[PDB]
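The structure appears below as structure tokens.
Keep in mind that the numbers below use all heavy atoms, side chains included, and drop hydrogens, waters and symmetry copies. Below, chains carry the letters A, B, ... as their sequence lines are ordered, and counting in each starts from 1.
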Amino acid sequence: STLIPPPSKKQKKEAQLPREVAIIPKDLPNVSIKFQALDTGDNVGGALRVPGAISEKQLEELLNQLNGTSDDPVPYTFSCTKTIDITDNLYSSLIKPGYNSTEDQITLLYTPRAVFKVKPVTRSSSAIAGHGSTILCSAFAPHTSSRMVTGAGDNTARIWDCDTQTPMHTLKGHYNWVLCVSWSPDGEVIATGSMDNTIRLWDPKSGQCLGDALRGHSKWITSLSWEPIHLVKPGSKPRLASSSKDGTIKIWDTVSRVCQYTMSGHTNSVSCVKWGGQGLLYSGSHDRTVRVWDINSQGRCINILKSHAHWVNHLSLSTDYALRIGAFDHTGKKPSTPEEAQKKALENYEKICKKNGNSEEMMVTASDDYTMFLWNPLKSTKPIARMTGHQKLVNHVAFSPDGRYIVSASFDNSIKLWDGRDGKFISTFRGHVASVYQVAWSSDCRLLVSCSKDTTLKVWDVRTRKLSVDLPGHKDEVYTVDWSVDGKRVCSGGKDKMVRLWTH
Amino acid sequence: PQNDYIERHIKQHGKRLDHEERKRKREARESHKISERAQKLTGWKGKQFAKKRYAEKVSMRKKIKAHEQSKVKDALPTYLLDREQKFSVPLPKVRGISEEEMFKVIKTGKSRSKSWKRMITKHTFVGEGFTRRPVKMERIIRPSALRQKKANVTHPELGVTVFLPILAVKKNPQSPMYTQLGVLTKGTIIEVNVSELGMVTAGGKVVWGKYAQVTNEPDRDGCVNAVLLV
Amino acid sequence: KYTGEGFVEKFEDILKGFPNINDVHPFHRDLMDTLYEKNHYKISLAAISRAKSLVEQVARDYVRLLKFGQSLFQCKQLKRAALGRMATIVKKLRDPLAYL
Amino acid sequence: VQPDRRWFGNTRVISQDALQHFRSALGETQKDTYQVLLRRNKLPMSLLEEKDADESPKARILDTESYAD
RNA sequence: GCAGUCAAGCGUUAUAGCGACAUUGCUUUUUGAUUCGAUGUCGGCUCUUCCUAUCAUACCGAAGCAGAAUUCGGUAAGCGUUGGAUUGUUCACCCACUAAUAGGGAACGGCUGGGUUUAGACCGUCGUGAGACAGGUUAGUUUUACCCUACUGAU
RNA sequence: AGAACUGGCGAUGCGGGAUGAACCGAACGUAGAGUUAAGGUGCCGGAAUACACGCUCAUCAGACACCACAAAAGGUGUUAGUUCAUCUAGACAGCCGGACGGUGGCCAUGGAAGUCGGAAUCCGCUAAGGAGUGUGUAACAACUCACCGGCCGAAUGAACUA
Ligand SMILES: [Mg+2]
Ligand SMILES: [Mg+2]
Ligand SMILES: [Mg+2]
Ligand SMILES: [Mg+2]
């Protein structure tokens, strides 16, 4: 093992020299600050003088009092614009480096945060066998972190109880590889799209198949997406959009088990389909185009977006986490009635969608031209931005749950973090030595987990933009990684035919 | 003339009046011509003609097989389909190379009477920071044109070959003297940088140095080919 | 050396003959881009240029190696290696040559 | 060559912490004109030479469309 | 070259092993951008002939070969295939003329310059020294023919 | 390349292999007669231009060492075999006729009707007939062949071996 160079004699002498303690001076004067919302750019309170002995908690409470919402305060994180965040107190964050002094005014941008905290995963909870071939896909239940669905290459899926880390159900309807699995946003049904050009629906509690397969595709299923609960009227079950290699997007009404709409505009294989929160479907296909369809206009292709020079491998929406989670939260509390579920899902969607004046749902498309494009399909037909810098193809892309950050996992053994509004480059997560296959955010948008071809998972802290922990343990390439809704467990699977559960 | 003027001229005026019959009779004569060529061409032309005839017959048989086969009638994820690709060493025993073959006598002096210098005739690895000894004390000569820094290393798993930099010469099977001189011959164990292979230990450490065995004669083929020891 | 010179002469005849599409009048540039797909055109000619450079490198390297050949068998093997590598480089050009 | 399990083990490994330390160090170095290199350290320089690039290389158009098409 | 893949065959009743033709990876990646150790033999002059593996001249075949020019190929050695520049090196590169400035054997299994150049001398490196060399420079007598045959002419 | 045994040769001429260190025969006093070995018997040259059954034609055959060139490769040279098939309810060639209908199947294209392309490649009626084997058209047309039938009347075709 190659080691870092040891300290020299002079360095050891300086280390033996007495250290200086960083203490707040008792004669620290007052400094003038201006609070500015990062999301809206609305200045609150004008400019106000505060003592230099303020803390982050006291600044947070002072901002809540200035807003006038003290009964239910909402946590914030503060930064000054280089853009340097306030760690503990204003003096040690800004005045101590000397960049901003007590005489000059300090403009602090504040961003709302999550009241809950996700501890980083640091060890493998368990290594569970049972699959006869390589694991191809995995997902968690939206309502609970105790149920995981995993589809593999032995023509089967499994439902794993994550409490005891033991298998609970086996789903054995397909004849070929289970290429994709998806839990319904209401948590009532698991959809598995397979290599045998079929889609099956399963009741998870009984571990049973809901009648017959959904047939009609001529090639294998490439992606499954669900209709959002906040758009599904109460008393109804969400529909299932499905893309496939044959270039079609089929919409399935599951209560009647019929196929309603068949979108056909793509000339090559559809990489992914996504059901947005405004009655729209976004499809990315190997014909180098992104097609936007309207479900309220009989499935007609409203928009064709052409800016890539190669296959668009993946696409992600700003509200993807909210649309996946439906009416649930990190607490796992279930709604009482479907009307309550619809209203709660509406609020969950709105918190991310409608901010800074008008509701927007940004899209990001990661392609094989080593780049990504950031679009706002409702407002304009041109891309908002082009994100370049990756040396090889961008395989996976994901918006943060709050929609403020974009993470791209590429085949150049790297992950790139970009701003979620204008697409400007922020940082590069390095440390993987093989291609990064896919990535997953945590619920509080502070931690990222990535699985690589180098048989390792890696957890990164977004705030410090550095590696948090490196998790080996898989004996072969890892193909899929997911993080629980409550942020307690991480599931990983790949070519070693084992399911790894990780927790703090 | 411009664009497809010959095609337009054929469309407007036709061809020569005997064109079809002439072409037909030439195509009929082709069988006799082929047999006469096979029995009459001599030397290199005859050998090339026979080689091409064999290749054509093989290709035609393959085409017939494909037509009849059509007339008779790894578990990769979604983002990876439609994308294509004991402790015994593989050479436990190799040809022995004597000092007479390994070294070449270099004579010095105006009348060429002194013969203490030797030149290594094989390829060598000298390593980082190599400086030639002063010529007055340079007994063993490793010419710079025969020095090597990289090798085509093949991983037995996943079936790939990468041009990797050499790190050291671990063991030359001929002699420890050739090991310490860095001689690169067939069967030599070398250390290679495997950083681009993305290997990680069970403990999480990145592997960037492993062993490979040379499988060719670089003095004969101009390059070092090696198989990784996994 | 003679085989390398032959390959380089053929490649140079190819590279000097074809127009420089970015240096002709813009009307001719647009017409040839419409007809032949300028991207493919320039990529094929760049493939020819890269093959020429690689063939020259092979010839120089194997003449320098042949300087130290000790027997007829070794010299013959080195010459065959040089010519086979040249053949590999040339056979990689099967598609750009048909296009051109 | 005798059979030996020393031939199949790893010879050089490096930890993630050491990798990050060398990656951060490559960029903090201010070269002085009066310092000469006496001995270069042996490191996985291919893993260590990672500089952020503002632009991507051009996409391979031959993957989507061949010369014949 | 190394490492594989395929399989027309070969082999067999243990669906082992050999395996032609094809084919992949590395060397080598996309926008035609921008000299690295020959350790022992070499060049000329004059002049003859041979080979063909043909550069030109003759006659042909093919090619998006309109014409002009050019490329690839067949028979073909009858006939030609040059003048110069460079010795701080040329195991060649440039300039030009030209129909063209093709390759090679009969040496490399008579004059003449570099080299087998011994005695003189200097410089460099090594050696305690006599000296030797990693080396560099300069100066340095070998002189048949009337014999036989072959050849050219002559009785 | 290293070991062990056994031969031949040096010290040895003679017959034969045109010629010869290690190949075939045979070892040696001086002669006569006879018979042979190996090798030969068109002429040089002693001895059948003997007899017999087959094969081969080479625009520099072969008369050889049995190794290499040699890939048991190429050939519309020729000969003999082996195994499969088709056949008087008709074999192979040839000529003539049929070769249809949904349908110009779907997508794509300025145009694309079997025949620039991408995916289906199904059904009917058949004696048979491809959602087409090629020529051809800007697209059609037209011709073809895959298959079927009429005339003809007896053996034929393929793949291997030597
Ligand atoms: Mg000739
Ligand atoms: Mg002297
Ligand atoms: Mg007689
Ligand atoms: Mg020969």
Side-chain angles (χ1 to χ4, degrees), chain A residues 218 246-247 264 267, chain B residues 1 4-7 9 31-41 43-44 46-47 49-55 57-59 61-62 65 84-85 104-115 117 119 132 134-138 141-147 150-156 159-164 214-218 220-227, chain C residues 13-15 18 20-22 38-54 57-58 60 64 66-69 77 80-81 84-85 88-89 92, chain D residues 57-58 60-62 69:
Chain A
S218 48
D246 57 3
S264 320
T267 69
Chain B
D4 47 327
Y5 46 92
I6 283 294
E7 271 174 5
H9 175 90
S31 54
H32 294 353
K33 302 315 168 180
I34 283 180
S35 185
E36 293 305 86
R37 289 185 200 103
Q39 295 179 105
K40 188 183 175 183
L41 294 168
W44 182 250
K47 300 184 73 168
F49 180 84
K51 183 179 179 298
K52 285 175 185 168
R53 287 300 313 180
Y54 182 82
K57 289 165 68 179
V58 166
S59 188
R61 288 207 300 267
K62 287 182 183 175
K65 173 73 179 184
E84 289 192 16
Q85 301 167 356
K104 187 195 188 304
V105 177
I106 298 294
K107 296 177 182 296
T108 49
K110 294 296 172 62
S111 68
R112 290 290 184 260
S113 295
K114 250 63 184 185
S115 58
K117 283 178 184 281
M119 192 185 87
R132 194 189 302 189
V135 62
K136 190 53 186 177
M137 286 75 65
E138 181 189 24
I141 293 170
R142 286 164 285 185
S144 66
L146 297 182
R147 300 176 196 164
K150 300 181 72 68
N152 309 287
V153 186
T154 303
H155 202 283
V160 291
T161 307
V162 190
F163 210 25
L164 298 186
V214 177
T215 53
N216 70 326
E217 297 282 14
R220 291 176 194 173
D221 61 356
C223 65
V224 181
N225 296 315
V227 167
Chain C
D13 295 327
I14 292 180
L15 287 166
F18 280 87
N20 298 330
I21 189 169
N22 287 341
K38 174 169 60 180
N39 287 319
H40 280 72
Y41 178 91
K42 294 182 61 67
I43 283 164
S44 62
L45 288 167
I48 303 303
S49 177
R50 185 178 68 258
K52 186 187 69 174
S53 298
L54 289 166
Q57 187 62 51
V58 165
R60 297 191 306 257
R64 196 183 308 112
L66 274 172
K67 247 163 50 193
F68 302 92
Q77 294 297 295
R80 291 191 67 255
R85 291 172 77 125
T88 298
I89 294 172
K92 265 156 174 44
Chain D
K58 297 194 62 54
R60 189 155 296 253
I61 198 180
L62 293 176
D69 299 335

So E/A102 and E/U52, Watson-Crick or G-U wobble pair with both distances under 3.5 Å, or not? yes

Please tell me which of the listed nucleotides, E/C26, E/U28, E/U39, lies nearest to the side chain of B/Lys104? E/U39

Under 3.5 Å for both distances, do we get a Watson-Crick or G-U wobble pair between F/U137 and F/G8? no

Quick check: any donor-acceptor pair below 3.5 Å linking the side-chain of C/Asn20 to the base of E/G32? yes

Could you check whether E/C55 pairs with E/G61 (Watson-Crick or G-U wobble, each of the two distances under 3.5 Å)? no

Residues forming a ring pair (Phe, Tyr, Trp, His ring centres under 6.0 Å) with C/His40, sequence neighbours excluded: D/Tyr67

Mind checking side chain to side chain donor-acceptor pair (under 3.5 Å) for B/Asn152 and listing every partner two or more places apart, or none if nothing turns up? B/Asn225

To the nearest 0.5 Å, what is the distance between NZ (B/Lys107) and CZ (B/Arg112)? 9.5 Å

Considering residues at least two apart in sequence or located in another chain, which fulfil the side chain to side chain donor-acceptor pair (under 3.5 Å) criterion with B/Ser35? B/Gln39

Looking only at whether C1'-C2'-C3'-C4' is positive or negative, is the sugar of F/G132 north or south? south

A correct 5'-to-3' footprint of nucleotides 70-76 of chain F, with B, S and - meaning base, sugar-phosphate only and no protein heavy atom under 4.0 Å, is S--SBBB

Return the set of residues passing side chain to side chain donor-acceptor pair (under 3.5 Å) with B/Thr154 (not counting sequence neighbours), or none when no residue passes. B/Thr161

Taking syn as any angle within 90 degrees of 0 and anti as the rest, which one fits E/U49? anti

Which part of the nucleic acid does C/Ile89 contact within heavy-atom distance under 4.0 Å: base, sugar-phosphate only, or nothing? base

Side chain of B/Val58, heavy atoms from C-beta onward: which of E/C2, E/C21, E/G37 has the nearest atom to it? E/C21

Sign of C1'-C2'-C3'-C4' decides it: give me the sugar pucker of E/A53, north or south. south

Which residues pass the side chain to side chain donor-acceptor pair (under 3.5 Å) test with A/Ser218, sequence neighbours left out? A/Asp246

E/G78|E/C79 base stack, centroid gap <5.5 Å, plane angle <30°: yes

Considering every strand and a 4.0 Å limit on heavy-atom distances, what is the contact class for B/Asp4: base, sugar-phosphate, or nothing? base

Could you say whether B/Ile141 or C/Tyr41 is positioned toward the 5' end of RNA chain E, judged by the nucleotide with the nearest heavy atom to each? C/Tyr41

Describe the nucleic acid contact of B/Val160 in one word from base, sugar-phosphate, nothing, applying a heavy-atom distance below 4.0 Å. nothing

Those residues at least two apart in sequence (or on a different chain) that pass salt bridge (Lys or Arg N to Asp or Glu O under 4.0 Å) with B/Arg37 are B/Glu30

Polar atom pairs between nucleotides 135-139 of chain F and protein, under 3.5 Å, N or O only, would you list them?
| from | atom 1 | to | atom 2 | distance (Å) |
| --- | --- | --- | --- | --- |
| F/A138 | OP1 | B/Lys11 | NZ | 3.4 |

So, is F/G129 syn or anti if syn means the angle is within 90° of 0? syn

With both atom distances required to be under 3.5 Å, do E/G78 and E/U41 make a Watson-Crick or G-U wobble pair? no

Proximity to the side chain of C/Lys67 - top-ranked nucleotide from E/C36, E/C21, E/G32: E/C36

Any residue meeting salt bridge (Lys or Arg N to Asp or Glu O under 4.0 Å) with B/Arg53, in chain and number order, not counting sequence neighbours: B/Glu56

chi for E/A119 classified (syn = within 90 degrees of 0, anti otherwise) as syn

Which residues pass the salt bridge (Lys or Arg N to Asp or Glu O under 4.0 Å) test with C/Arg80, not counting sequence neighbours? none

Starting at the 5' end of RNA chain E, which residue's closest nucleotide do you reach first, C/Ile21 or B/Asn152? B/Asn152

Any N or O donor-acceptor pair under 3.5 Å from the base of E/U28 to the side chain of C/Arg50? no

Which is true for B/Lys62 with a 4.0 Å heavy-atom rule: it touches a base, it touches only sugar-phosphate, or it touches nothing? base

Calculate the interatomic distance between C/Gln57 atom CD and E/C36 atom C1'; express it in whole Å. 13 Å

For nucleotides 72-77 of chain E, which of its nitrogen or oxygen atoms have a protein nitrogen or oxygen under 3.5 Å away, and what is each distance?
| from | atom 1 | to | atom 2 | distance (Å) |
| --- | --- | --- | --- | --- |
| E/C72 | OP1 | C/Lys10 | NZ | 3.2 |
| E/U75 | OP1 | B/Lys45 | NZ | 3.0 |

Think C/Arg64 has a side-chain N or O under 4.0 angstrom from the OP1 or OP2 of E/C36? yes

Pick out the pairs of N or O atoms, protein on one side and nucleotides 129-135 of chain E on the other, that lie under 3.5 Å.
| from | atom 1 | to | atom 2 | distance (Å) |
| --- | --- | --- | --- | --- |
| E/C133 | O3' | B/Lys136 | NZ | 3.4 |
| E/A134 | OP1 | B/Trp116 | NE1 | 3.2 |
| E/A134 | OP1 | B/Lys136 | NZ | 2.9 |
| E/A134 | OP2 | B/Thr108 | OG1 | 2.5 |
| E/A134 | OP2 | B/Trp116 | NE1 | 3.1 |
| E/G135 | OP1 | B/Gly109 | N | 2.7 |
| E/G135 | OP1 | B/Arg112 | NH1 | 3.4 |

Anti/syn call for E/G135, syn if |chi| within 90°: anti

May I ask whether E/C126 and E/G131 form a pair, defined as Watson-Crick or G-U wobble with both distances under 3.5 Å? yes

